[PDB]
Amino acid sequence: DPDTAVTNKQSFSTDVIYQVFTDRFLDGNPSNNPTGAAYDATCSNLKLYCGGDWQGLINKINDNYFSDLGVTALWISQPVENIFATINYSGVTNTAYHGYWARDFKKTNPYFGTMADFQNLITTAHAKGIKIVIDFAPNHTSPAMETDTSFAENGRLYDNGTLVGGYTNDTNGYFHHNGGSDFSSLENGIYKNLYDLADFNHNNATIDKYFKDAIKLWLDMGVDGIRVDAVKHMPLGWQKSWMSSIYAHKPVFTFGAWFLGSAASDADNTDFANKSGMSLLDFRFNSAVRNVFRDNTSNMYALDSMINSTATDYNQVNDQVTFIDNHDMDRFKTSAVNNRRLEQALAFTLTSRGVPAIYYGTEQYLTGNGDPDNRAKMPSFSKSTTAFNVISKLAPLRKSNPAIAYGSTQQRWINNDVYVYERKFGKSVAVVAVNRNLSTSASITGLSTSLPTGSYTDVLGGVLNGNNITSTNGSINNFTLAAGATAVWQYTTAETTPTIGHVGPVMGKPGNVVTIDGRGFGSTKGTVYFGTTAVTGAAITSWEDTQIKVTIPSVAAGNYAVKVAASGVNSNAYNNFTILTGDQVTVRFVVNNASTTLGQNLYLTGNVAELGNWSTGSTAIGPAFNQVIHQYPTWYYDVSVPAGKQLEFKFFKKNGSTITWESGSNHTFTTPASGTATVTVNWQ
């Protein structure tokens, strides 16, 4: 199928996601509504259930609300069964309407629908070309108190009805009993409770297996993507292992939520996006956009700076999910924020790199500050707002123009209030001009672009006061950009030479099937390169002009570049593809008596690519932890490592550029065939 079809579960670059709180959208079936105190028919007390369900989503898909809006994917609340109990937090009654208080990841939330309703949602969605993305929260169950089992449901977990265990009397150690996190460090936030939510101990073999089994269930039902909640509060190692099991079974686009407060680069965040096997919600992009269009605390330069900085930090910037707001912050729209600014932020987001997501109601200019006010009921289904118009005209461009879906970004003109950028991919180009100044127009002179000679019409049709331009070999004739204007000019044409636009997933073991999207691959089965290794014939399960499904060859584990050769012509190289040694398992490495010097950290490396292949650089594992599970001078770290393999490893201390290794022989350990394990050694 073409890279743009609904069947492409590995790439969302050509899509526009619509994030919706299932309970706050449409109550299509009042028969499944909760009873009593947990329900509010008027939906005025936003902490209670309002009745929204999967039937309501089905209805709006059938009457073409989403089709006319232009969205091609739906991101819904966690579908799993949540606790039924009601919780009173200092006077106010709270319910699990948000879906984050799971109790059984193998059953559906009765209030949203049955297992059958869910299947019906998938079918109905796919029939109209809409992908379904689900929220999944494997970090915890629900609120719990160890001393009081009568609080909520004591964070109890069920395996399709069968009780696995609760927070109190957790003899098996399914959860962490290290208190609540104070967010003082990364380690503190991973092994301690997120508020009062019972934290899972993924090192426990049962919990590890439970989540691999539980996710397969939903993948088997046809979900096209996964939004992993609180990725910053679970070990990267376990998550990478979990991700490889997903990719070996049914690869789907997966991204996580790692909260960031500014557009500033964050080392840990960058590492996660580059090493976990999944991408992230682009909080840096979000901050810049809000600072510039909403809050007026930054100018266009901050926007351009962020575009360049993020493109440099993330290996695959096109996999990051962008947005102007969501359930974790104030609604973009405020009384002090103009409609045009909201509209410009949307246009910018929809034409920029990454995978754009729209929080439900944005098209209706919904207001609401903080939790829960920002999760109000959908006020209307009108298709007449300007914002609705902008989305319907720009969203389709991600499918029709590869420059917008896979292209690079270059600044063509800029000043405090004006920004003109260019998206380019092969011969296809897209140019967007934005003037955030609401009162004064701007005279643009000396603008150059890659647009071929010709006359260009504003894709928006002037709804955002856009204008038409004339290109003379890229040189655009002088023009006036109206106050608060924003225009989109583009040019698309067929590509003759092979060009890779996206590869998904970007991690896997030999035998897994990866998807290569792009242009000009031709219909004749060619050859795929993973470094220097050529992959041909049967190994290439599918080959079309815009997409190539290929099997990962049995080469040495490591970092590889991917190229495609069609009719003797070599395409561009898609860098940083990770090939694993084989199936993964999470192992906790513990080392005793590793006393260090001020500012000196402990790292780990060994004889497999997953351990860095004896490297002491960015591929080495670390820095190790030393506060929560084990205390200094004992260090520890959870690492995704190959299953059933004899490993050789050593720890090393690194302060500045001085590296001091362990003496003696290398430590050895044979990893288990599956699950988890703990290996403890003494510093030599």
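So that there is no doubt, residue numbering starts at 1 and follows the sequence shown.
**Q** State which stretch shows the higher mean Cα B factor in the entry: 253 to 261 or 540 to 548.
**A** Per the PDB record, 540 to 548.
**Q** Take the C-alpha B-factors listed in the entry for 508 to 516 and for 85 to 93, compute each mean, and give the stretch with the larger one.
**A** In the deposited entry, the stretch with the higher C-alpha B-factor mean is 85 to 93.
**Q** At the C-alpha atoms, which of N467, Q78, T351, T206 reaches the highest B-factor in this entry?
**A** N467 has the highest C-alpha B-factor of those listed.
**Q** If I read the C-alpha B-factors straight from the PDB entry, which of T22, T660, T14, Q19 is highest?
**A** Within the set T22, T660, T14, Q19, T660 shows the top C-alpha B-factor.
**Q** Is the Cα B-factor recorded for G52 in the lowest, middle or highest third of its chain?
**A** For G52, whose C-alpha B-factor we compare with every modelled residue in the chain, the answer is the middle third.
**Q** Could you say whether, by C-alpha temperature factor, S441 belongs to the lowest, middle or highest third of its chain?
**A** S441: CA B-factor falls in the middle third of its chain.
**Q** Among all modelled residues of this chain, ranked by Cα B factor, put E648 in the bottom, middle or top third, i.e. lowest, middle or highest.
**A** Ranked within chain, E648 CA B lands in the middle tercile.
**Q** Taking the values exactly as deposited, rank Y491 by C-alpha B-factor within its chain and report the matching third: lowest, middle or highest.
**A** Top third by C-alpha B-factor.
**Q** Lowest, middle or highest third: where is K383 by Cα B-factor in its chain?
**A** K383: CA B-factor falls in the highest third of its chain.
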